[PDB]
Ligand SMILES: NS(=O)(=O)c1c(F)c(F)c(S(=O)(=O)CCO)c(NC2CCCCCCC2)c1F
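The form deposited without the ligand is given below as one chain in structure tokens.
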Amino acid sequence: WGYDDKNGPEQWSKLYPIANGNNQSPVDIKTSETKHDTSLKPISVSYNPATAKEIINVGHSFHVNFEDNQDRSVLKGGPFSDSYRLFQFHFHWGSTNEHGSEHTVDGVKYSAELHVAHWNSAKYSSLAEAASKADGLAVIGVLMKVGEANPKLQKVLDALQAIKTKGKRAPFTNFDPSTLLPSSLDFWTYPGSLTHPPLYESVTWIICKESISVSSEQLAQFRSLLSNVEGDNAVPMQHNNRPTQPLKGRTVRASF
């Protein structure tokens, strides 16, 4: 599976029949159809920069991993009753600077998207177990709009030189991903899935109401990582966003 004409999104069902499930992500958020839910609390994120651990090129993307041994870095509030432990952050982008986000708002596709993932440590003993459960994961999604360069992304951009090709990894320490979220405490939430294989329907989405910026030159940098292993022929990481999927009756709730 990948994002090419041959093993891409429109072919994932041949292999993962859940790709055509009822709670597939991402989705288009129609602001005229969202539902205000007065029970939604403000999200509370409390991350410990010492839990930052490594950066790795996985082929279709790059992941920034955190030690998830204890509850030093957690997310509380919003729609939840339990606390979710921080395990990673990653990005989605497209072949063009204008259209590469996964979630869309009122039919409008953004430039890119940041996903901050956490697992339910209050009910599951590990991420492996929790990943396939309805309440297993919580992911904060932040829409990225091309404009002014975002200086908060720097340390991440700088680390990329060390993981140019597939399987490469490097220490990535003393970082607080809360530095990347917008000031706004308002969001949309809906039940869904991972946006790539295995496509498990175990994610409760938290989509920020506010977007962050990024310049075209920062995006070109993501686009420059290679999908191939070292020594082979260059194949860039051109794109990795999945098209929106039908809502099939789910409700998108708003905290405002």
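Residue indices: 1-based, along the sequence shown.
Just going by the entry, 178-186 versus 103-111 on mean CA temperature factor gives the higher value to 178-186.
Averaged over CA atoms, B-factors in the entry run higher in 124-132 than in the other of 124-132 and 92-100. Across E54, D68, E201, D28, the greatest Cα temperature factor reported in the deposited entry is at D68. Which of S211, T195, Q221, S32 has the largest Cα B-factor in the deposited entry comes down to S32.
Per-chain ranking of the deposited C-alpha B factor places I43 in the highest third. In this PDB entry, the Cα temperature factor of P191 sits in the bottom third of its chain's modelled residues, the lowest group.
Ranked by C-alpha B-factor against the other modelled residues of its chain, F87 falls in the lowest third. Among all modelled residues in its chain, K155 ranks in the middle third by Cα B-factor. Per the PDB record, residue ranking by Cα B-factor puts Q11 in the highest third of the chain.
Below, we turn to the form solved in complex with the ligand, even though it does not appear here.
Using a 4.5 angstroms heavy atom cutoff to the ligand in the deposited complex, all of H90, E102 and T195 count as contacting. Residues of just one listed stretch (125-133, 155-163, 175-183, 142-150) have heavy atoms within 4.5 Å of the ligand in the deposited complex: 125-133.
Among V58, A50, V229, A220, the residue placing a heavy atom within 4.5 Å of the ligand in the deposited complex is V58. Among heavy atoms of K209, none comes within 4.5 Å of the ligand in the deposited complex. Taking the partner from elsewhere, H115 is found to have a heavy atom lying within 4.5 Å of the ligand in the deposited complex.
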